[PDB]
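Structure record follows, encoded as structure tokens.
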Amino acid sequence: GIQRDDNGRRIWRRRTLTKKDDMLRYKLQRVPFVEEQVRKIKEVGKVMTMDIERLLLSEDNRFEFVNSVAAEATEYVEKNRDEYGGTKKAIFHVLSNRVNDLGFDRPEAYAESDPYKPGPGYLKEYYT
Amino acid sequence: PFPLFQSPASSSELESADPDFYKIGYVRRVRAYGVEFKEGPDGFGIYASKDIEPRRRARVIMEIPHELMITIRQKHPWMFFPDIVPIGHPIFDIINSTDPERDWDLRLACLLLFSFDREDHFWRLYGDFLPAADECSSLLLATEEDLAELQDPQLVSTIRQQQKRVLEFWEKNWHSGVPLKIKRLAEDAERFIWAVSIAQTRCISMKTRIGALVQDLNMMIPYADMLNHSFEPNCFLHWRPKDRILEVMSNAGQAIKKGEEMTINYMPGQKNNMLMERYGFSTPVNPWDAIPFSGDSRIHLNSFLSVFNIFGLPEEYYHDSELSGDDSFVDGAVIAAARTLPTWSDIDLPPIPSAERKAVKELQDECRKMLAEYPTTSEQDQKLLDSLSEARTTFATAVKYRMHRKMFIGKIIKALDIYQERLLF
Amino acid sequence: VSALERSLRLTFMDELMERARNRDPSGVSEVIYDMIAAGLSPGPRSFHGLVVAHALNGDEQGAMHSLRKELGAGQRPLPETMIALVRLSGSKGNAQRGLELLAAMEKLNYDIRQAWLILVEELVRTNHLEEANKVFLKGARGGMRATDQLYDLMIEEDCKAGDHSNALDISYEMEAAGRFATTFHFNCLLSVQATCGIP
Amino acid sequence: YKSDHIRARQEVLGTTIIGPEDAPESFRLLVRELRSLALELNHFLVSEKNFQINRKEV
Amino acid sequence: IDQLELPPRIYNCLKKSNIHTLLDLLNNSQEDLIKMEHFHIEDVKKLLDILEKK
Amino acid sequence: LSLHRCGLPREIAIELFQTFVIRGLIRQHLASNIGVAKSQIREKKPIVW
Ligand SMILES: Nc1ncnc2c1ncn2[C@@H]1O[C@H](CSCC[C@H](N)C(=O)O)[C@@H](O)[C@H]1O
């Protein structure tokens with residue numbers, strides 16, 4: 001059990017994977033060309049879609065989850081009436097908070113600006 | 001104050017674990033958030049990689065998929081989830097020929113040995129990170145030299161009773177006439193002892209809902225057994241049924257600082273003898289360790305509870321930190337004293353300080369006797385451990401168990417001392 | 001601290017408890033008075049014997065007077081003194097006094113829950129069920145969980161008194177508190193619903 | 001209120017400009033038609049707390 | 001960093017690492033400089049005192 | 001479009017979100033009250049879109 005050398009320090013067997021794992025070499029690689037996809041997903045809003053499902057994974061009844069979200073969203077707007085009207089939505093703020101409560105990081109209410117917007121009067125036309 | 005001007009470039013016993021340890025799990029959809037695995041002479045352990053800022057609800061620390069675990073029902077019939085035993089396999093007859101309530105560890109040991117033989121099973125890889133026969137701290141592997149040094153006739157008798165039960169089970173089910181697929185699982189009697197030791201020291205019983213079925217499973221979760229034990233845990237185990245993921249969640253509204261160890265309570269409340277019998281380790285701060293005492297002498301526990309800022313019902317005894325300010329003395333060890341010490345209390349009857357002072361020394365007069373009963377002292381044992389350099393780890397645990405018990409007696413001696421004088425104010 | 005200094009406290013407090021346990025607050029008043037004459041400042045446990053003397057006889061006004069004198073001196077009262085105060089209030093059914101003292105404990109940063117259980121039990125003990133509902137529900141909405149006995153005791157008394165409205169609300173709080181209503185709790189509720197005339 | 005419901009739609013603009021409990025007009029109109037056929041349609045809310053029966057006016 | 005009277009080897013390594021401005025140099029760390037190919041521990045010491053004189 | 005998105009015309013969107021647009025104008029002080037906002041919407045100012 002306990003083993004020490006002359007200096008008095010403790011020497012222990014470094015537990016290491018003796019055998020070899022096939023899947024280890026087949027899964028550590030990452031694709032290099034998803035920069036446009038990840039940017040599109042965030043801009044579209046599918047990042048919340050995964051978060052919405054993730055919350056439902058730890059839930060027992062999806063009808064109770066939406067009632068709890070609606071109840072908490074109503075609580076948010078009552079406290080701060082002049083915050084959840086435009087770029088920030090009461091429901092999205094609840095969802096962002098509930099994800100942040102799990103220990104992950106999301107922007108507040110999933111709100112995103114347009115860094116490339118030229119002027120105040122220029123609104124982004126959508127290419128249908 | 002620029003980063004170039006700033007020049008940033010202890011705990012030597014703890015080294016970062018093998019990266020393959022997390023990698024072999026990471027490929028199997030195992031995610032650890034904000035924590036890292038560190039190993040040392042004591043063993044493995046999970047330590048925070050960053051400050052865990054508290055949130056409204058519990059924060060997810062680790063996730064373990066069901067398929068990586070070994071699970072067996074606690075109640076007959078014995079059905080294995082992530083089913084690994086094929087129908088008609090002779091290992092099921094060995095498992096099914098076990099005591100329904102006493103041989104839970106044996107049924108897990110058979111699965112544990114069976115899993116190591118399976119080529120596709122994940123535990124054949126994770127088994128390399130399990131402690132060996134010498135590294136495991138279970139008392140089931142200890143010999144009479146460590147058991148005699150343990151100095152506990154009740155605990156030694158129980159341990160030696162288990163050794164006979166486990167060894168005889170191997171003899172019955174691993175004779176010369178077994179098929180090779182069974183014989184190769186336990187080539188020698190010693191290996192099966194190690195298998196039972198791992199099963200006892202790493203089983204995590206829990207009520208889990210798998211699909212539409214709810215049951216109690218003697219589970220063998222990997223990466224979650226590595227969490228050490230503490231009666232004041234900073235995290236707990238939560239089973240998520242929709243995706244069959246076992247979540248390790250830190251307590252809600254609790255901050256975890258950088259480098260702090262993540263611990264869970266293996267048992268809700270138990271004495272050190274139970275922990276030694278099951279897990280082969282003891283804690284001096286156990287709030288459930290007891291000591292036989294004569295009922296002739298008793299004190300007012302309400303005064304005793306308040307002087308150390310202990311509040312709540314006896315089922316929920318706990319200490320308040322900010323009220324005491326610093327109070328480095330108070331810990332979980334003195335909380336056990338609030339239960340095991342003979343006490344008296346009326347509706348609101350105040351105690352007599354002189355009578356208690358007449359009894360505190362009388363109480364402490366007895367307290368010196370138990371320490372005298374053990375030939376060695378609390379500091380003598382820990383000094384021996386530092387001087388010791390070649391011995392089995394079960395010997396060290398046996399030293400620790402009697403050392404913790406002696407300190408538990410030593411702790412209450414000081415506890416009554418400070419309590420007696422503080423009663424005047 | 002002088003060696004004889006603690007002896008003087010022991011001699012004084014060996015005698016004060018006798019007066020405290022003999023239910024005579026008047027005699028205790030001199031013990032602290034000569035203790036002031038002795039020169040050493042009063043302590044939180046010194047008022048503990050003074051407080052219980054009023055509590056044993058039932059001097060609710062005297063118990064409060066001893067409390068503010070402890071506050072007037074300027075030290076934190078002991079939790080045992082605080083627990084005795086609310087229990088005395090519960091014995092006389094003074095709900096307003098009891099809740100005010102409990103608010104002080106939270107302002108004093110103590111364990112209000114354990115004292116809150118005793119106050120609710122005392123009101124039920126003294127048949128002050130209506131006042132007990134006010135105290136129990138307010139604590140229930142806070143988030144603290146009562147004991148299993150208290151939930152069983154409180155619900156059964158309300159149903160015996162035909163207070164299904166409060167019993168059902170209490171039962172809902174118990175469900176949110178982590179305890180589920182067994183057959184016993186539903187039987188209490190049915191004892192009142194069976195008389196409403198609507199099957 | 002997003003229908004023929006005068007009372008709720010009257011203030012639903014203003015709640016969404018600054019930031020039920022009554023039966024809809026369709027049900028109230030339905031009662032009158034049955035009320036014209038010598039049929040009395042009554043909506044009661046027997047309370048779950050104290051079994052207090054109250055008649056919801058329609 | 002051109003105006004900073006750095007040794008030619010120090011200057012070439014910083015330019016190779018796309019470090020052109022003094023502000024960009026300050027935002028880096030000593031460890032961030034050691035990881036460069038032709039950069040040693042002794043060089044970060046002599047680099048600092050050059051900045052100290054300025 | 002994405003699977004969860006739909007495109008609405010300006011003249012249809014403004015009709016559906018009449019109340020919410022008025023709230024935004026009042027919230028950000030562009031319109032003093034409801035009457036100004038409704039007139040402002042009919043004016044079809046660039047801020048309204
Ligand atoms: N709080 C604690 N104090 C001391 N040893 C502990 C402990 N919690 C767990 N252990 C050790 O771990 C065993 C249980 S299995 C836990 C995994 C182990 N800590 C490891 O490093 O691999 C016990 O038998 C004991 O040897």
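Letters for chains follow the order of the structure tokens (A, B, ...), residue numbers begin at 1 for each chain, and ligand numbers begin at 1 in the order shown.
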Handout entry: Env. residues ligand 1 / 9 Å / only C-alpha atoms and all ligand atoms / as a PyMOL selection string
Key = chain B and resi 38-46+129-131+135-139+197-198+200-203+223-231+263-266+275-276+278-283+393-394+397
Handout entry: Non-local contacts of segment 19-23 of chain D (7 Å; only C-alpha atoms; under 4 positions in same chain excluded) as a PyMOL selection string
Key = (chain A and resi 81) or (chain D and resi 8+15+27-28+58)
Practice task
Mind checking which residues fall within 12 Å of residue 376 of chain B, counting only C-alpha atoms, ignoring those fewer than 2 positions away in the same chain, and posting them as a ChimeraX atom specification?
Solution key: /B:149-151,370-374,378-384,399,402-403,405-407
Can those selected residues be exported to a file as a CSV table (one decimal), in the first residue's frame so that it contains N, CA, C and O atoms?
chain,number,residue,atom,x,y,z
B,149,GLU,N,-4.2,-5.1,14.3
B,149,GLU,CA,-3.8,-3.7,14.6
B,149,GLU,C,-5.1,-2.8,14.6
B,149,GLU,O,-5.0,-1.7,15.2
B,150,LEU,N,-6.1,-3.2,13.9
B,150,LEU,CA,-7.4,-2.4,13.8
B,150,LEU,C,-7.9,-2.1,15.2
B,150,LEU,O,-8.5,-1.0,15.5
B,151,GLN,N,-7.8,-3.1,16.2
B,151,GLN,CA,-8.2,-2.9,17.5
B,151,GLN,C,-9.7,-2.6,17.6
B,151,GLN,O,-10.2,-1.6,18.1
B,370,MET,N,-11.0,5.6,28.1
B,370,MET,CA,-11.0,5.0,26.9
B,370,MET,C,-9.7,5.2,26.1
B,370,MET,O,-9.2,4.2,25.5
B,371,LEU,N,-9.1,6.4,26.2
B,371,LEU,CA,-7.8,6.6,25.5
B,371,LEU,C,-6.7,5.7,26.2
B,371,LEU,O,-5.8,5.2,25.5
B,372,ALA,N,-6.8,5.6,27.5
B,372,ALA,CA,-5.9,4.7,28.2
B,372,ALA,C,-6.2,3.2,27.9
B,372,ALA,O,-5.2,2.4,27.9
B,373,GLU,N,-7.4,2.9,27.5
B,373,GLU,CA,-7.7,1.5,27.0
B,373,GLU,C,-6.9,1.1,25.8
B,373,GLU,O,-6.3,0.0,25.8
B,374,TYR,N,-6.8,2.0,24.8
B,374,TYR,CA,-5.9,1.8,23.7
B,374,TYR,C,-4.5,2.1,24.0
B,374,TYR,O,-4.2,3.2,24.5
B,378,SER,N,-3.3,9.0,20.0
B,378,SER,CA,-3.7,9.5,18.7
B,378,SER,C,-2.5,10.0,17.9
B,378,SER,O,-2.4,9.8,16.7
B,379,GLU,N,-1.6,10.8,18.5
B,379,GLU,CA,-0.4,11.3,17.8
B,379,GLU,C,0.6,10.2,17.6
B,379,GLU,O,1.4,10.3,16.6
B,380,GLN,N,0.6,9.2,18.4
B,380,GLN,CA,1.6,8.1,18.2
B,380,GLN,C,1.3,7.3,16.9
B,380,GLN,O,2.2,7.0,16.2
B,381,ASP,N,0.0,7.1,16.6
B,381,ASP,CA,-0.4,6.4,15.4
B,381,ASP,C,0.0,7.2,14.1
B,381,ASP,O,0.6,6.7,13.2
B,382,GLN,N,-0.4,8.5,14.1
B,382,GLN,CA,-0.1,9.3,12.9
B,382,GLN,C,1.4,9.6,12.8
B,382,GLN,O,1.9,9.7,11.6
B,383,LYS,N,2.2,9.6,13.9
B,383,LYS,CA,3.6,9.7,13.8
B,383,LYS,C,4.2,8.4,13.2
B,383,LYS,O,5.1,8.5,12.4
B,384,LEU,N,3.6,7.3,13.6
B,384,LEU,CA,4.0,6.0,13.0
B,384,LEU,C,3.8,6.0,11.5
B,384,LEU,O,4.6,5.5,10.7
B,399,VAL,N,-4.9,1.9,11.1
B,399,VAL,CA,-4.3,2.9,11.9
B,399,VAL,C,-5.2,4.2,12.0
B,399,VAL,O,-5.4,4.7,13.1
B,402,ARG,N,-8.5,3.7,14.2
B,402,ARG,CA,-8.3,3.8,15.6
B,402,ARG,C,-7.8,5.2,16.0
B,402,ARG,O,-8.1,5.7,17.1
B,403,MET,N,-7.1,5.8,15.1
B,403,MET,CA,-6.6,7.2,15.3
B,403,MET,C,-7.8,8.2,15.3
B,403,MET,O,-7.9,9.0,16.2
B,405,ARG,N,-11.0,7.4,15.9
B,405,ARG,CA,-11.8,7.1,17.1
B,405,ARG,C,-11.1,7.7,18.4
B,405,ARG,O,-11.8,8.3,19.2
B,406,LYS,N,-9.8,7.6,18.5
B,406,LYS,CA,-9.1,8.2,19.6
B,406,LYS,C,-9.2,9.7,19.6
B,406,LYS,O,-9.5,10.3,20.6
B,407,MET,N,-9.1,10.3,18.4
B,407,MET,CA,-9.3,11.8,18.3
B,407,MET,C,-10.7,12.1,18.6
B,407,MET,O,-11.0,13.1,19.3
Which chain C residues have any atom within 8 Å of an atom of chain D, and for each, what is the nearest pair of atoms with distance in Å to one decimal, counting only C-alpha atoms, rows sorted by chain and number, as CSV?
residue,atom,partner,partner_atom,distance
C:163,CA,D:50,CA,7.9
C:164,CA,D:50,CA,6.4
C:165,CA,D:49,CA,4.2
C:166,CA,D:49,CA,7.7
C:168,CA,D:49,CA,6.8
C:169,CA,D:49,CA,7.9
C:193,CA,D:51,CA,8.0
C:196,CA,D:51,CA,6.4
I'd like the neighbourhood of residue 38 of chain F as a PDB file with C-alpha atoms, in the first residue's frame, where a residue qualifies if any of its atoms comes within 8 Å (using only C-alpha atoms), though same-chain residues fewer than 4 positions away should be ignored.
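So the final result, stored in part.pdb, reads:
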ATOM      1  CA  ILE F  22     -47.064  51.111 -30.905  1.00  0.00           C
ATOM      2  CA  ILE F  34     -51.065  55.964 -28.840  1.00  0.00           C
ATOM      3  CA  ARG F  42     -49.634  55.648 -41.227  1.00  0.00           C
TER       4      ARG F  42
END
Exercise for the section: Do me a favour and pick out the residues of chain C within 9 Å of chain B, using only C-alpha atoms, as a PyMOL selection string. Expected result: chain C and resi 6-7+9-11+13-15+17-18+20-21+42-46+48-49+52+55-56+78-81+83-84+109-111+113-115
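We find atom CA of residue 246 of chain B and atom CA of residue 215 of chain B to be spaced 14.9 Å apart.
Compared by their closest atoms to chain F, and using only C-alpha atoms, the residues A:117, A:41, A:71, A:55 rank with A:41 nearest.
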Practice task
Find the residues near segment 2-4 of chain F: any atom within 10 Å, counting only C-alpha atoms, skip ones fewer than 6 places away on the same chain, and give them as an MDAnalysis selection string.
Solution key: chainID A and resid 41 44:46 49
Residues from last step as file, N, CA, C and O atoms, as a PDB file, in the first residue's frame:
ATOM      1  N   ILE A  41     -26.110  29.221 -37.639  1.00  0.00           N
ATOM      2  CA  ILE A  41     -26.966  28.652 -36.600  1.00  0.00           C
ATOM      3  C   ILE A  41     -27.252  29.686 -35.520  1.00  0.00           C
ATOM      4  O   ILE A  41     -28.398  29.860 -35.089  1.00  0.00           O
ATOM      5  N   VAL A  44     -29.519  32.441 -37.051  1.00  0.00           N
ATOM      6  CA  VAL A  44     -30.882  31.960 -37.249  1.00  0.00           C
ATOM      7  C   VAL A  44     -31.602  31.823 -35.915  1.00  0.00           C
ATOM      8  O   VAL A  44     -32.759  32.236 -35.772  1.00  0.00           O
ATOM      9  N   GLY A  45     -30.932  31.255 -34.917  1.00  0.00           N
ATOM     10  CA  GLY A  45     -31.532  31.019 -33.624  1.00  0.00           C
ATOM     11  C   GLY A  45     -31.686  29.566 -33.240  1.00  0.00           C
ATOM     12  O   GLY A  45     -32.377  29.276 -32.258  1.00  0.00           O
ATOM     13  N   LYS A  46     -31.071  28.643 -33.980  1.00  0.00           N
ATOM     14  CA  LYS A  46     -31.168  27.230 -33.644  1.00  0.00           C
ATOM     15  C   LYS A  46     -30.396  26.869 -32.385  1.00  0.00           C
ATOM     16  O   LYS A  46     -30.583  25.765 -31.864  1.00  0.00           O
ATOM     17  N   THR A  49     -32.820  26.347 -29.840  1.00  0.00           N
ATOM     18  CA  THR A  49     -33.584  25.127 -30.077  1.00  0.00           C
ATOM     19  C   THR A  49     -32.954  23.939 -29.361  1.00  0.00           C
ATOM     20  O   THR A  49     -33.651  23.142 -28.724  1.00  0.00           O
TER      21      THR A  49
END
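Residue nearest chain B, chosen from E:44, E:2, E:13, E:29 and counting only C-alpha atoms: E:29.
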